[PDB]
Structure formats: C-alpha cells, structure tokens
Amino acid sequence: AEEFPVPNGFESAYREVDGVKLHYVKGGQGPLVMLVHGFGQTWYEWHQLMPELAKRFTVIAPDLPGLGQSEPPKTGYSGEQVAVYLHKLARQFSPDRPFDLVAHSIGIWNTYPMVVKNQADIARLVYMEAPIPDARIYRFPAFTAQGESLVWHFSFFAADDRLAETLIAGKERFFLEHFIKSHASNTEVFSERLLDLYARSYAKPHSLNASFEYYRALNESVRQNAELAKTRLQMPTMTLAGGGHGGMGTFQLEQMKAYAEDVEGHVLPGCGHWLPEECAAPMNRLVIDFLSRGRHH
Amino acid sequence: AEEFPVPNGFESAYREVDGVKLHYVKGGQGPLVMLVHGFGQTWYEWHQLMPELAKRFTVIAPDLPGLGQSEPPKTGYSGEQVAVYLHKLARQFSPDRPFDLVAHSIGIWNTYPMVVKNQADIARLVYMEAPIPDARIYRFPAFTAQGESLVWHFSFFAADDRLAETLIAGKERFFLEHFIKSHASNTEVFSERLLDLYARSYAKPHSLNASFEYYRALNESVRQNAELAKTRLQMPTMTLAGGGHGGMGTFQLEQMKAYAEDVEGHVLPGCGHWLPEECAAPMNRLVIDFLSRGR
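Those protein sequences? They're chains B and A, same order as listed.
Last residue of the first sequence: 321 (the deposited numbering), numbering continuous.
Last residue of the second sequence: 319 (the deposited numbering), numbering continuous.
Structure (structure tokens):
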C-alpha cells in the first residue's frame, strides 16, 4: 500500500543496502540522477520534477532511512553513516558512470559526506534549502523581532527525553501543518490532501522517531564535516534557496562558496523553504537546465 | 484551597488590583520586600527564602497574573502592562515608603517597567536569571555545539496558532520536568513530588495559556523597554546568575550594567537557572545580606 501516488512510467521498488531495506521510486532512461528529500517529506516531494527529468535521465528518488517506506539505519543517523546507504544505493544503479545528485533540506546533511569522499562518482550537484552542517548553524538566532525564528526546531528536535516525539504524537497533522506553513511563502500549494499524506507517513512511530534522530545526530554531523571539509568539492554545483518568508536566501550560496570551487546559485523571490512544492515550475527548470549541460540521451 | 504549602506564620490572601485578583503569600514585619517568581513556577519558589527574610522584613510573594492562583491580566501581558499590577500591589502594603524587589526569570520582564518608571518607590533591587527584554535577546543562538540552546523556547512559546498549548496540553507534567531539568545544573532538587506541585498549577488551562502569552508579548516588551531604558536605574542593584548548566552566566551582570549605575553581580558555580532551589544556601545568603544593607 504505497504511501504516495507513483507517477506514470515510474516504479516503486526496494533494495537492501547494508542490511537496510530502502524504498525508492525510479523511472526514465539515461545517466542517473538521484533526488534526496528532506524533513517532513518523502520521495514524493519530487513527484513533479521526476517525469520531466525522466525525459533525459534515469531518475531515482529514495526515502531516507526510517522515513517514508525505508527501514531505519542500522548504523546511525549521522551524515556520514546515512550517506553510505545513499551512495551504495546510487552505485547499484550507476556502477560505470558518475551520477548526478539533487538534495533538499536534511537530504543535504545525508549526502554531503558521500559527495566529498567520492567526488569521481558525482557528475553534477544541486543543493537546495538547508545548511551543510557546520559551525554556521550555531549562529542562527533563537528568536527574532518578528516572532519565531527559522531554526529553533534544531533544538526542539535534538532535545533528549524524546521531547519532540512525546509532544507531537497525536498531533502529527497539526504540527506538520504549522511547521510547513511557518517555513513557507506559498501555503496554498499544501492542500488538505497533501498534508494528510505527509502527516500519515511521518506519524508512523519509527518514522516520527527517525525524523528527530537526524537532528539528535546533527552535532556529530558538524564534527564529522569539520574533517571532511578539508577537501574542496570540485564538481559543477548549483545552489537554490527561497527568497521569501521561510527561505534560506543568500546563505545557501554563501556557504556553498566555501565548500565548492565551481558553484552558481539562485535565490527564488516569492518562495520559501519548500521549493519543489512552492515554486515547482522555476525550480524544475533550473535543475533540468543545470543537469542537462552534461550527458543525457 | 492552596496549590502550595504556606510557610508557618505566613498567610495566603488575595488582593483585587485594577479588576484583577492577585494571589500572594505574606509574612514578617518591617520594610516591604516583594519577591516575583518566573516561568514554570509560582510564589512557592521563594518558600525557603521567605521565613529568613520575614525576620527583618515584611515579605510578599505574588503569583504573576494568570499563573499560580492569580487571575490573568485584563490589559495584557507585556512587561509594562503587568508591571502596573505588581507596582500597585506592592504600594498597597507600602504606601508611604519605598520597598525592595527580588525577581527571577520573567518576573524581571514584569517588574522592570515599574522600577524604571517609579524609581523612588524601589529601595534596592535583585534580579536573577533572565534577560531584561531588549535587542540582546535576538542574539542568543537557536542551537549550540552541546545541543539545545538556552532560549529556543522563546520561539516555541511565542509561535502562532497556539502551537505550544496545543502540543503541551495533557503533557504538562512531562514537559515541565524536561524544561526545568534541561535548564538545571543541580537537577536532583527537582524531586517528582516538587515537579508534581508545579505541574498541577501550570496545567490549569488559563495558566498554561498565560505562561505563553508572556512570551507572545516579548517583542512588545522589547519595544517598550527601548524607550524606558533611556533612563538608568539609580538604586542599589544586585544580579545573580547560575554558572552551571542552564545558567545565564556572565550575561546577567553585563546586561544589567547597561541599565543600572550601581550594580554588583555574582555567578554561582554549579547552579543553573533555578537558583532558589538548586543553590538555596548561597542564593539566600546573598539576597538577605544585600537587602540588609538597607534599614
């Protein structure tokens, strides 16, 4: 019983990677593009981009370990540990060619280590809407002159005593609606039905826990990344960020400039955090154009 | 009925102030000292200090509007609005003489405006464990290299859509233990029994809502204080802060220096946010000695 509708011409499937059963949706022909979702979401956030990309690329969108229909990681939730699963999953499908990688939100946290450690395996890199975990995240404000800040949820979710799971259980739909909308410019794109689907998925007890375990591991990821970042990324890279309420703005490119030699960035006015949903048309266009300046049947 | 046990020789009473019934506990004789509690607690946080002070002073410990057994404010929850209720209450018992003030946590927010606006009514002042609302609060981090930060709850509590009440309703006892202990160094003083007392009080629906309204008015209080702070405090002031896990550390005194001409500060080692309970002996000593420099 699929959690989300699969686009025509795509298949929902599973692969075991290091003893962990990962779910993914795959379609298209050509060089591989892997699309990695973030918090509060699943592979489905890419469902609009996928059919367009599948015109020129083989497209795979996995569920992060513990989220959607993927099993929890058997190692842990730090960036380096999760990155191994996504890397080996990608290699099962693109053993002989480098693949492209597109990541959003915590998808960035869970891919950066495998990108920096396997540069030859990565053709092109698109990162949108989330800091690479590093010391910069310690600068975001707890509170603003206009109300709640952008990332006070880092503390909420990282807190022990299962704080987040305990408070949110039974209110998963309620919390996710508030969180999505507080980080959105365009809230209308999030129908009652869309919110129901996302809320139902992450409300699975193991998925609600997984959601926050990514955050409880964030400081470890920061420490891991302090070593990894000694090696600059050398592949062509694009960043995207929303310019509206909820978005990262100029931060995305400014940070990436410290990690990547070859990088370009766009800020999308009128869009918040949830680029694939709030600003599907322009986001899709920028991604496709960026990736299509390489190999693609 | 009483939510918390009154110390021997003290009385629990109520006083109507601008149409709001304030609960307070009072005892002792001599010049008035008013002790104002903060978030997650009630007058009861002062119960160990009160008997000692009552040997030299008349001591009054009110419940903040909406919290403990006090009615919610009729005007609003900004510091300037709430401070009126507290000033008028104090002045009923000390109409012809200045009084002393001790405040903790959001008790600071709710007294600063009455202090700066009525400087002659305040003999001596002790503030502990909370920023005066001003632009400095926008500089605290959402997240730290050790985990959850000191004041991320500002955003949580101020969030729209009654986010905090909705998530916390029915889990008040769970949430309060986590909040208190995460902001403590000496966690062992918060026994299950004491936590039960505090949780039962703030679990009253109007109290849970009041708790968060103070944070929802925080930006307004910052705006209010921007004007009020053009005038420095002239009376003797002392700040205390915890030096341990969950404490404000050197921030307390450094900020107060911008507000007061006459200030001395102490950071108490191995104590977090909840000084009256985590570090009763040294905290009580410091307050009693400081206030006893005045007649």
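Just so it is clear, CB atoms sit at the ideal spot from N, CA and C, and this is done for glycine as well.
Return the first residue and the last residue of the alpha helix (DSSP H) that residue i is part of.
i        : result
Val246/A : 242 to 252
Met307/B : 304 to 315
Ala127/B : It is not in any alpha helix (DSSP H) - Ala127/B instead sits in the beta strand (DSSP E) that spans 123 to 128.
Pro137/B : 136 to 141
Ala147/B : No alpha helix (DSSP H) contains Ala147/B, which is instead part of the beta strand (DSSP E) from 146 to 152.
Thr190/A : 187 to 192
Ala223/B : 216 to 227
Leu77/B  : 73 to 77
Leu200/B : 196 to 206
Along the beta strand (DSSP E) that carries residue i, what are the first and last residues, could you check?
i        : result
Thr261/A : 261 to 266
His47/A  : 44 to 52
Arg39/B  : 35 to 41
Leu174/A : No beta strand (DSSP E) contains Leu174/A, which DSSP labels as neither H nor E.
So, for residue i: in the same chain, excluding its five sequence neighbours on each side, which residues have a beta-carbon less than 7 Å away from its beta-carbon?
i        : result
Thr263/B : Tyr151, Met152, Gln276, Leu277, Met280, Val287, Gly289
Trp176/A : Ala166
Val30/B  : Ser36, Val49
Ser316/B : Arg80
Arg160/B : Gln279
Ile312/A : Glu76, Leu77
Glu244/A : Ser102
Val44/B  : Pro89, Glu95, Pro97, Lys98, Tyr109
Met307/A : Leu264, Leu292, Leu299, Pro300
Report all residues from its chain with a CB closer than 8 Å to the CB of residue i; omit the five preceding and five following residues, and keep chain order.
i        : result
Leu187/A : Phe180
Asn32/B  : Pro75
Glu172/B : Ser206
DSSP beta-bridge partners for residue i?
i             : result
residue 348/B : Not covered by the structure: residue 348/B. The range shown for chain B is 25 to 321.
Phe28/A       : Answer is none; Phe28/A lacks a bridge partner.
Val106/B      : Looking at the DSSP assignment, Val106/B forms no beta bridge with any residue, so it has no partner.
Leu257/A      : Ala284/A
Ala85/B       : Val49/B
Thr66/B       : Answer by DSSP bridge pairing: none, since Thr66/B is not bridged.
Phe167/A      : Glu172/A
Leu56/A       : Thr82/A
Within the same chain, show all residues whose beta-carbon is closer than 6 Å to that of residue i, passing over the 5 residues directly before and after it, in chain order.
i        : result
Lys79/A  : none
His71/B  : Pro31
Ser94/B  : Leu46, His47, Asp87
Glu104/A : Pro137, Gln248
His269/B : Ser209, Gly296
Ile130/B : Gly62, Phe63, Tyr238
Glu69/B  : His61, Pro300
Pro55/A  : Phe81
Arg197/A : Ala223
Should residue i go down as buried or exposed, given a rule of 16 or more other Cβ atoms within 10 Å for buried?
i        : result
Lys195/B : buried
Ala265/A : buried
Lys254/A : exposed
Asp124/A : buried
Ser215/B : exposed
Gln258/B : exposed
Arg121/A : exposed
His321/B : exposed
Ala223/A : buried
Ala305/B : exposed
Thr261/A : buried
Cβ of residue i within 7 Å of any heavy atom in the ligand SAM?
i        : result
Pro157/B : In terms of ligand content, the structure shown is empty, and the ligand SAM therefore cannot be addressed.
For the stretch 223 to 239 of chain B, which residues have a beta carbon sitting closer than 8 Å to at least one beta carbon of chain A? For the stretch 223 to 239 of chain B, no residue has a beta-carbon sitting nearer than 8 Å to a beta-carbon of chain A.
When you check each C-beta in the stretch 164 to 187 of chain B against every C-beta of chain A, which residues fall closer than 7 Å? Of all residues in the stretch 164 to 187 of chain B, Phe164, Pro165, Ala166, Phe167, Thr168, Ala169, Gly171, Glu172, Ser173, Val175, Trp176, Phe178, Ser179, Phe180, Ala182, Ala183, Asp185, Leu187 have a Cβ within less than 7 Å of some Cβ in chain A.
Identify each residue in the stretch 88 to 119 of chain A for which the Cβ-Cβ distance to at least one residue of chain B is less than 9 Å, and report them in chain order. Per Cβ criterion, the list is empty.
Tell me which residues of the stretch 243 to 262 of chain A have at least one Cβ-Cβ distance to chain B shorter than 8 Å, keeping chain order. Answer in chain order: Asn243, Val246.
For the stretch 275 to 301 of chain A, which residues have a beta carbon sitting closer than 7 Å to at least one beta carbon of chain B? In summary, no residue of the stretch 275 to 301 of chain A has a CB separated from any CB of chain B by less than 7 Å.
In the stretch 202 to 225 of chain B, which residues sit with their C-beta less than 8 Å from some C-beta in chain A, listed in chain order? Cβ contacts with chain A come from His202, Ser206.
Chain A contacts from the stretch 39 to 63 of chain B (Cβ-Cβ distance under 8 Å): Sequence-ordered contacts of the stretch 39 to 63 of chain B with chain A are nonexistent [C-beta pairs closer than 8 Å].
Using a Cβ-Cβ cut-off of less than 8 Å, list which residues of the stretch 188 to 202 of chain B approach chain A; keep chain order. Listed in sequence order: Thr190, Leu191, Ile192, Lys195, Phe198, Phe199, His202.
Closer than 9 Å, Cβ to any Cβ of chain A: which residues of the stretch 144 to 166 of chain B, in chain order? Against chain A - using a Cβ distance shorter than 9 Å - the residues of the stretch 144 to 166 of chain B are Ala159, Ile161, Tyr162, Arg163, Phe164, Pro165, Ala166.
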